[PDB]
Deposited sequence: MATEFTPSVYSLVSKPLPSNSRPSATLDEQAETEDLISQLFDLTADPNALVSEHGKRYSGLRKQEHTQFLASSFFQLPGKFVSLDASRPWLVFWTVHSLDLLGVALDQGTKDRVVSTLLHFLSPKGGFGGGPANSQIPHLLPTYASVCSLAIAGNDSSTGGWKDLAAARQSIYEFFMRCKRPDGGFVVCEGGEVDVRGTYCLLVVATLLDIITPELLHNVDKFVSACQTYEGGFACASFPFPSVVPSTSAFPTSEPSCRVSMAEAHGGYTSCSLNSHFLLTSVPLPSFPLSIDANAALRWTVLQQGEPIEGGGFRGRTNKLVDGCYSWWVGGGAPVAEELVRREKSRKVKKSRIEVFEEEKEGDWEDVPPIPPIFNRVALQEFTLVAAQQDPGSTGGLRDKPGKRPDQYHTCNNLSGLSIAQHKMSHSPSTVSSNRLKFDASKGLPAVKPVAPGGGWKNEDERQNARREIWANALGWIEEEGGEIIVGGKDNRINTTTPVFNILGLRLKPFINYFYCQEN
């Protein structure tokens, strides 16, 4: 199981060679290499039986991380005003982390989470970063709020899922107001256009059964043109004057590569003709694996070429690996097994380098020398989950889903903005509903694929690729909106 995933401790740690040309990049790199390698040297090998005397223990300090999240969940100091427009993310980062850590919230606390988020919902459609009387709707808190409601909500009158069902038409209309002709979306009224918006929108549209042909037109082309010569994806593509050509507007980045791969994957389950426009899956896989750092930098992922390793990219880059892998698999099958990244090294980075030093605040972090935060806690843990559990998209599971789908059950179809913007007929809509739902529930935990570095006490729960919520949350949530319970 670990034949092709060598431990950092079993490898030689050497600095990135200078080639006798110093530069600012290398100065930062060497400094970071020093920070990480020195902590690895002070820490006992998580794999060892004789956990050596005097060395720091690398076990996942779940209770410290629980306390970290608890201490900021009910009150934040005045300085956190910098995240006032991101409060649904503070909710999501907390509730998803607790889910991963296996810590349950009581119903009273869950009800507070639901109430808080529902006040962020505008009657015109979508969630904002704060109350509806304070902030306008935005694609990103819409994803964060919807996922948080999947985690903390339920099907009762006070559970919030009822409110989402009623808001389906307005949310759809908000999504359509965000739509640009080239396939891009503004994140909010007068806001920026990038693949974060596309990803957040496609997740929500998939979950709430509000996908139409008019919503998706050119969306595949926008995303596909974000792929750079490096293999990853940039923030956006520019349509040159329907457009003559589309050009990527910046570097391949882990964040935008995650959003792009996930967006593309969601689009593949929508049965529209010659849709979605293909991406280069092999180039995307290559870029992904190349961002895993050397032994000296602890085998964590960096966000872009010649930049620094960072715990949060365990989710953004690591969590894209099973998506890229599946797309590569499909392409080879269209023309006509060892792990694809170092699952062991990534867990070692998380346990050894990304945890706050013991007996302190707890929480997980970017790298040694950086204060832990909610964002890094969530993304380190989400990435750790991907490394611990071999997630695969199973065609046989998708087939079983198709066989049990009940098309006669469902919520009212959304009314399209344009008269011809909907599905051609009910047969085609129901076929689409089936495909979208069946594929959304296609991710499985491979039997015998589990690798828990440092022993079973380090085990966290299995997150779902693409969505980044637990399968146990995803299933009843999507079943509710498709009426498949």
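Gaps without C-alpha coordinates occur at 1, 243-254, 350-370, 520, with positions taken along the deposited sequence from 1.
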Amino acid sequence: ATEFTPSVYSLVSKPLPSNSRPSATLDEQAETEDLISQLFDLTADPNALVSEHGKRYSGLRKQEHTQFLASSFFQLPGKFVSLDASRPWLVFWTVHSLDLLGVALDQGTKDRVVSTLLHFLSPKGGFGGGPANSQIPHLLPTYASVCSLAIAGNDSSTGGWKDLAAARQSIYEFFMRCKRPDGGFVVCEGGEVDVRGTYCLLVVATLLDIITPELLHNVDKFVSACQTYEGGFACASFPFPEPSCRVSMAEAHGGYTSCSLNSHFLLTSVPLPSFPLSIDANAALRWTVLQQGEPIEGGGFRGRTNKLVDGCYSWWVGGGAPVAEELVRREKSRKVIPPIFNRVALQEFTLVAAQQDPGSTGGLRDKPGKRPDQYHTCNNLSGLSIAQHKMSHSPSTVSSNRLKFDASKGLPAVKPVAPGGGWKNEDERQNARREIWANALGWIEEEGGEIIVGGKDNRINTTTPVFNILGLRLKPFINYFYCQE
From here on, numbers count along this sequence of modelled residues.
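Between the stretches 473-481 and 13-21, it is 13-21 that shows the larger average CA temperature factor. Taking the mean C-alpha B-factor of each stretch as recorded, 262-270 and 399-407 are not equal, and the higher mean is that of 399-407. Remark: of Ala440, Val453, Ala70, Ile460, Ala70 shows the highest value [criterion: C-alpha B-factor in the PDB entry]. Among all modelled residues in this chain, the alpha-carbon of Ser170 has a temperature factor (C-alpha) in the middle third.
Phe275 sits in the highest third of its chain by CA B factor, as recorded in the PDB entry. Ranked by Cα temperature factor within the chain, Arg177 sits in the middle third according to the deposited record. Looking at the C-alpha B-factors along this chain, the one for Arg246 belongs to the highest third. Annotation for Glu214: C-alpha temperature factor in the middle third relative to the rest of the modelled chain, per the entry.
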